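A look at the structure
What follows is the residue order along each chain.
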Amino acid sequence: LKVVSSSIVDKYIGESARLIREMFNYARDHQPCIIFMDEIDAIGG
Amino acid sequence: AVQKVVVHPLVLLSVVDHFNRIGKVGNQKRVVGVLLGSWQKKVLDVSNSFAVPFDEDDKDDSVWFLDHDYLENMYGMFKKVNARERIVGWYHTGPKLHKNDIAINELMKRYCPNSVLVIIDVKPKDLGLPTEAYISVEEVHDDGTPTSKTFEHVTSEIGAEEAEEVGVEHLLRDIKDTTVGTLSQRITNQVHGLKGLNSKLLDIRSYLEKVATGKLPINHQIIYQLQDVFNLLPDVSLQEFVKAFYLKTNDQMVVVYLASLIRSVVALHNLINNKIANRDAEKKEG
Amino acid sequence: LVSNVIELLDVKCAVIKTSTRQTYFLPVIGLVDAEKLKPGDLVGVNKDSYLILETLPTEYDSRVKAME
Amino acid sequence: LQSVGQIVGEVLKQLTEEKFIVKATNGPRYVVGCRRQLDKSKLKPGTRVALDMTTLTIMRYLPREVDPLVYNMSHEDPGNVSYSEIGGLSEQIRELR
Amino acid sequence: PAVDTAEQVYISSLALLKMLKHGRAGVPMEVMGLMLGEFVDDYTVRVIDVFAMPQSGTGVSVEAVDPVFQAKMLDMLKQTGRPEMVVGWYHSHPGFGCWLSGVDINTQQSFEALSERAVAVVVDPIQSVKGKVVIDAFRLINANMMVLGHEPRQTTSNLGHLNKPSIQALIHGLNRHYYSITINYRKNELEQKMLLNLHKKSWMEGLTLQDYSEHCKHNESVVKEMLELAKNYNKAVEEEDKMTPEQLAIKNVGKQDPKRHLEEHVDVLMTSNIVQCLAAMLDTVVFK
Amino acid sequence: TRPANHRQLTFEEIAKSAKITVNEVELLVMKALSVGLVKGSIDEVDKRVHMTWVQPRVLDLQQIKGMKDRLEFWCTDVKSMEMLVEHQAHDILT
Amino acid sequence: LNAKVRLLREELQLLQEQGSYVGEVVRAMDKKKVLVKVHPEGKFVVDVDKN
Amino acid sequence: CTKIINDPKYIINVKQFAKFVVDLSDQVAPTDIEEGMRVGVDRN
Amino acid sequence: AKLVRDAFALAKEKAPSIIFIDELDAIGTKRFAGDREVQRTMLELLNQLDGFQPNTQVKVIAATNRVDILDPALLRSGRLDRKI
Amino acid sequence: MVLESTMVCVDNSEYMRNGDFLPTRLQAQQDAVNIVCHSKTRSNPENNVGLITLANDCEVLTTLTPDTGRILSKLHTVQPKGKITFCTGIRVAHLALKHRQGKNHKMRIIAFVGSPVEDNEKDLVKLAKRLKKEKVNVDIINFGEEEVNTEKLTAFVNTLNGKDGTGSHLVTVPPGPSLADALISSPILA
Amino acid sequence: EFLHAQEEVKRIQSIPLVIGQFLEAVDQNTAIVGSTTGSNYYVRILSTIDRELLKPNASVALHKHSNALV
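Residues numbered from 1 in each chain as written, not as in the entry; some residues may be left out. Chains lettered and ligands numbered in written order. Part of a larger assembly, values for the part shown. Heavy atoms only, no water. Residues with missing side-chain atoms left out of burial classes, pairs and counts.

Per the deposited record, cryo-EM is how this structure was determined, to a resolution of 3.01 Å.

In the nomenclature of the PDB entry, chain C is known as 26S proteasome regulatory subunit 6A of Homo sapiens.

The name given to chain B in the PDB entry is 26S proteasome non-ATPase regulatory subunit 7, and the organism recorded there is Homo sapiens.

Right, dumping it as structure tokens:
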């Protein structure tokens, strides 16, 4: 999966669980995967 | 096969109505009709049943006329009204099976391979359900005996849906016992169960007498089912079981004693309150 | 009553979102063929039964036609 | 033709063995009960169900799909792209391994 | 002449069950069917059987009575032994109560054209969900006699004013265009001894000893809660506050400690224990 | 042949009936349980074998007569208990 | 016992009655009609009960 | 009437209520109703 | 969303068609209850763009005076990329 | 023009399958039933005709219908794999006639006796006596191999009409031309 | 008759109940419930219910037809 600068903290916490766990969720109910939180320098901005 | 047959209340009132109407005008033993229902995984659920003209001669036992076109037209009408109901068997109000029932069962099988004969007695019997679902079985009997069409039995039970349940509740709101285990109804039920056990044992004893005297054949099967029943007897008076049962009886009696003490204290408090109220009223009178 | 088929699932059954903004599961598709159907198609379901009665040709809102 | 539609809703909570809380797709939330021959295990919080239109009794469970946000956080790509496709990074790919 | 408020639409046990079943099949839509019975006399309309008419796009209207279907149904039921006449029609009003709409009034007038006593029945399968069966019998009030005479029904007896009109029927036209007829349910034994079999309880159920594990658990739980309730009863009685005790007993009425959650539990415990012990002893005697 | 109450079988009795040595009865009873012909239990300290037999057997007219009179006794007992309960609880019966 | 049974029957009878709407009141109109605003629906000029 | 179908059938948008496929009553002639014209419909 | 889908379907029916979503800022505002409906309209457009079979016979041209207000997801790779 | 209900008893016994007739016994009886049904229906357009197989115990394949199409369709798949029981067949046909849609129709039974009647003479005479008062006319068509003018059947027909006879006939067809043509002469005409 | 009345009261709560929010209790034997359907209603409270559970805003099951809180 790719979550490039979006849905994980959103500046404050904007994204988490439903935007931090739902990740690991399929990231487990399935074969090995990569979170790939690319471009962290643009999270919430 | 059919593991069980659920006969909804309307089938019963339809079969009581058919028997009454045919009996009222003319006189005819038994009443034959076609049963319509839906198939669950293995539990056939009969919901509706329609009359079919049926003349028979008891003397010959092989003469019987059942409408084919009438049955098909009635089924078409009911399919137009509600197509979820497919023919599943036939019913006859005759209290006992009949020698020509096998031919009628074959004719029904012509319309439904898995046909169930539900004998809906129209005579109120206080001990037992009013339905007995029968099926046709052809086997080799294994135990070197001649094979024949016969009629295998399938468990029958009377259920209902929401609409039929509401209708039944409205109809029997004046002769219905209160729902809840009132001690009166519990003791009456236990008496009823004792009576049912006595009736079943009497039937078994009568059959055993017939077998011993030879009036009926020794099955060689089911008989050893009775033997298994006689083996499964509790065997009370064993010391360990006696001690455990005494322990349980005392454990229940202590709770009953506590309940009796609570009831006595409450009654005494109510009596004290009523006496004080009466005395206060008398004093305030003058 | 016009409706859309959000999804089609094998028991042959359809999930219909009516123009009234309600979604209804259909125990059987109705008078049309499941094969000649897919998500998003305009299907005219009955007012109350909500059973699909006939496929409807691709319709364009007056605004969509005007945009041309 | 006699077949009737069944509303679609989610089983929000499990009150008891024979009682369920279902929030209709675009309507009120109903306390309902399962039909009978249904695996209550399937009817877990969030599971889609098709309530009967009159008795409002849960009749069957349905799979959940679609959703706007989930297009890149769920999709799996079990492909095989050789490192030759991404050239000039043999050392960088080495560190990843 | 005039119709007596004492007229009674006799609905047989089979008819009510069939009408309820047909109405519950159609919901969410409206079903209709012809009712078979006899106009035994002026003050009674007896319905013995009701057969559903096929659902049609028309709805419950004069065109829902497929003439071929009705004719063949009556012809085939005559052979079985039911040579009854068409006494009226019934249609299900899902959701809304028992009343008649404009199309209903037109259909009722069409039925009346054949016979002046063709009663109309309305059954709501959704309202009739419990021991209540919301079933009403309606016939048309000649809007002419509304002025020519006065009301339409003579009141020679009190057998009709023992019932009450319904705001719903009143709003949709009751006592204005339509007038209700008292619905009497014709039930007989054989048809009431067969229906006490839906839940008849097998003999075995009256000799099953429950299970001693959950029986002990239930006894323990009830006894503990009764101990708490006895603590509460102690607090309530020992207080015996005399600041107008008659008022105290009325200012603390909440279905609580004193007796409600009190000896109610005593009765539950003692009934369960007595029944279980009696069943156990009956089994110890009967079975060996 | 056991009276259905003294279902415990002494090891000596089984040894004599089957002409099997004292130590062979354990294995014989174990095989009987294993194949599926008896559903009891075996005790070694008292040298008695608990018997709970599920496998049925064919009957004889004399056996049927014995079963019939035993069931007659059972039904008479049931009737007596029912009569006692009914008479003792006439007021509560309703 | 009869009083208890009558109380329970009256409770059941009243329960079957339809629940009444609740809406704000804008102003009296003619001493017999009151303008009200039900929650989801719009305004309504409704009459007033005798009591 | 969003669209006209060809007895002709008409797709009518009842503002926000729902989308319906209805046909004209005998009072009006088919030529009168054209696509995109707002027309009245009975409540039943 | 229905309007956007109908417009794209009409563009499909006509073989050589072009869609010009002028003033894309109205529906292309950065992700933030009208916001919900507008976000849904956007998703529909981002889908109808990815629903295109590559090099299909329908091309979309959009206009805007403010790319900053535009949602970054719109540009991406398979969507509008030729930022003229 | 006489309104009568005919219930033809077509035999499907195993003996119905030794083709002493040209194509086969079954085909001969099929042609006979076709001709009889057409004649009955044409004579009056509101009359009925049905068929009962006489093999095994009995069968009622086509209850009284006004159209010969159902009778003809059911006649195929007769599958002659049984044995005949004449008295039971006649009784079942009489019951079917009793279940007639229109009571006005005159009784009439056509029996295709193609196999020996292994029934006692007394049973046949008693059945004939019962049919007489009941008012049912049976037309026996002796078929193919049998005791020429079988004594039991001739006595049955004779007792069905005594000292005066109409609508009750017995036809014996020696092997030769297809029996369909023969039936057009004696029974159908009168 | 009392047993039948108790069964009737218990049958008032019969499963298919609409969940609603308790807004404010006008007085014992009545209260205002905001049905999840989107309309505020004035309903009649059931006696057997526990008055303590009636918080200022709590989820209360309402009768589907009569809308009385049950």
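**Concerning the overall build of chain B**
Within chain B, the regular secondary structure consists of seven helices and ten strands. Against the compact-globule benchmark of 19 Å for 286 residues, chain B has a radius of gyration of 28 Å, which places it well outside the compact range. Along the longest, intermediate and shortest principal axes, the C-alpha atoms of chain B span 90 × 55 × 40 Å. The buried share of chain B, reckoned over its 286 residues, is 45%. For chain B, the share of sequence-separated contacts (at least 6 apart) that also reach a separation of at least 24 residues comes to 64%. (Helix = DSSP H or I, 4+ residues; strand = E, 2+ residues; numbered from the N terminus. Rg over C-alpha atoms; globule rule 2.2 N^0.38 Å. Buried < 20%, exposed > 50% of the residue type's maximum accessible area, 1.4 Å probe, protein only. Contact = heavy atoms within 4.5 Å.)

**So, the interface of chain D and chain K**
Tallying the contact residues gives eleven residues for chain D and eight residues for chain K. Counting each side, the surface lost to burial between chain D and chain K is near 810 Å², with a carbon and sulfur contribution of 74%. At the boundary of chain D with chain K, the tally comes to zero salt bridges. For the pair chain D and chain K, the interface holds three residue pairs in polar contact. If one sorts the elements of the side of chain D that touches chain K by residue count, strand β3 (residues 29–32) of chain D sits on top with four residues. In the side of chain D that touches chain K, the residues fall into six nonpolar, two polar and three charged. Note that β3(D) and strand β1 (residues 17–27) of chain K share two bridges and pair antiparallel. Looking at β1(K), one finds that D:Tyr30 is bridged to K:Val18. (Buried area = accessible area lost by both parts, 1.4 Å probe. Salt bridge = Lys/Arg side-chain N within 4 Å of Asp/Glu carboxyl O. Polar contact = N/O pair within 3.5 Å; in protein donor to acceptor, adjacent residues only side chain to side chain. Nonpolar A, V, L, I, M, F, W, Y, C, P; charged D, E, K, R; others polar. Pairing = 2+ DSSP bridges.)

**Focus on the packing of aromatic side chains**
Residues and elements named next belong to chain E. Tallied over the entire structure, the rule returns 16 aromatic pairs over all chains. With a centroid separation of 5.8 Å and 10 degrees between ring planes, the pair formed by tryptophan 89 and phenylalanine 111 is classed as stacked. In this pair, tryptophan 89 is assigned in strand β5 (residues 85–92) and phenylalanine 111 in helix α3 (residues 102–114), connecting sequence segments 22 residues apart. Residue classification places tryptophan 89 among the buried residues on the basis of a relative accessible area of 0%. (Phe/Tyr/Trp six-rings, centres within 6.5 Å; stacked < 30°, edge-to-face > 60°.)

**Brief notes about the pattern of salt bridges**
All names here are of chain B. One pass over the full model with this rule turns up 46 salt bridges over all chains. Among the salt bridges present, the one from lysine 283 reaches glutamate 282, with a minimum N-O distance of 3.3 Å. Accessibility expressed as a relative area gives 44% for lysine 283, which makes it partly exposed.

**Quick notes on the arrangement of the chains**
Across the 19 pairs of chains in contact, the largest number of contacts is found between chains B and E. The smallest C-alpha distance separating chain D from chain F is 33 Å, and no contact links them.

**Remarks on helix α5 (residues 183–213) of chain B**
With 31 residues, α5(B) extends 45 Å from end C-alpha to end C-alpha; this agrees with the ideal 45 Å at 1.5 Å per step. Of the residues one or two after α5(B), B:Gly214 is the one with positive phi, at around 90 degrees. (Expected span 1.5 Å × (residues − 1).)

**Let's talk about the domain arrangement of chain B**
Considered domain by domain, chain B is made up of domain 1 (2–182) and domain 2 (223–282). Just the C-alpha atoms count here: the centres of domain 1 of chain B and domain 2 of chain B sit 45 Å apart. (Domains from an automatic or database assignment.)

**Digging into the interface of chain E and chain B**
Often, the extent of an interface is quoted as the loss of accessible area on bringing the components together. Contacts between chain E and chain B engage 76 residues on the former and 79 residues on the latter. Across the chain E/chain B interface, buried area totals approximately 7300 Å², and carbon plus sulfur atoms make up 74% of it. Summed over the shared surface of chain E and chain B, the result is two salt bridges. A salt bridge links B:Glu85 to E:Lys21; its shortest N-O distance comes to 3.5 Å. There are six residue pairs in polar contact connecting chain E and chain B. Those elements giving two or more residues to the side of chain E that touches chain B turn out to be α1 (13–26), β4 (44–52), α2 (67–80), α6 (212–239) and α8 (264–286) of chain E. Top contributing element to the side of chain E that touches chain B by residue count: α8(E), with 16 residues. Looking at the side of chain E that touches chain B residue by residue, the class counts come to 43 nonpolar, 17 polar and 16 charged.

**What to know about the sheet that holds strand β9 (residues 178–186) of chain E**
All names here are of chain E. With mixed pairing, the seven strands of this closed barrel are ordered in space as β2-β4-β3-β5-β6-β7-β9. Put simply, the sheet's adjacent strands are angled 35 degrees from each other on average, direction ignored. Strand direction decides the pairing type here: strand β3 (residues 32–41) and β5, joined by six bridges, are antiparallel. In the strand pairing of β5, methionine 32 is matched with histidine 91. Its contacts with the sheet put α1 on β2 (8–12), β3, β4, β5, β6 (119–123), β7 (135–140) and β9, and the angle it makes with β4 is roughly 45 degrees. (Axes fitted to C-alpha atoms, helices over the stretch in contact; angles between N-to-C directions.)

**Quick look at the sheet that holds strand β4 (residues 106–113) of chain J**
All names here are of chain J. Across the sheet, six strands lie side by side as β3-β2-β1-β4-β5-β6; this open sheet has mixed pairing. Because the sheet does not close on itself, it has two edges, and the strands there are β3 (59–65) and β6 (170–173). Recorded for the sheet is a direction-independent mean angle of 15 degrees between the axes of neighbouring strands. Bridge analysis of β4 against strand β5 (residues 138–143) gives five bridges, and the strand direction is parallel. Bridge assignment links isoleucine 109 to a residue of β5, and that residue is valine 138.

**Some details on a negative patch on the surface**
A surface patch of negative charge is lined by E:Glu238, E:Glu239, E:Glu240 and E:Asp241. With respect to the secondary-structure elements, E:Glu238 resides in helix α6. (Patch = residues over 30% accessible without salt bridge, like charges linked within 9 Å, V, L, I, M, F, W, Y side chains within 5 Å. Areas by Shrake-Rupley, 256 points an atom, 1.4 Å probe, with all protein chains shown as cover. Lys, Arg positive; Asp, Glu negative; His and termini not counted. Charge placed at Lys NZ, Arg CZ, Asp CG, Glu CD.)

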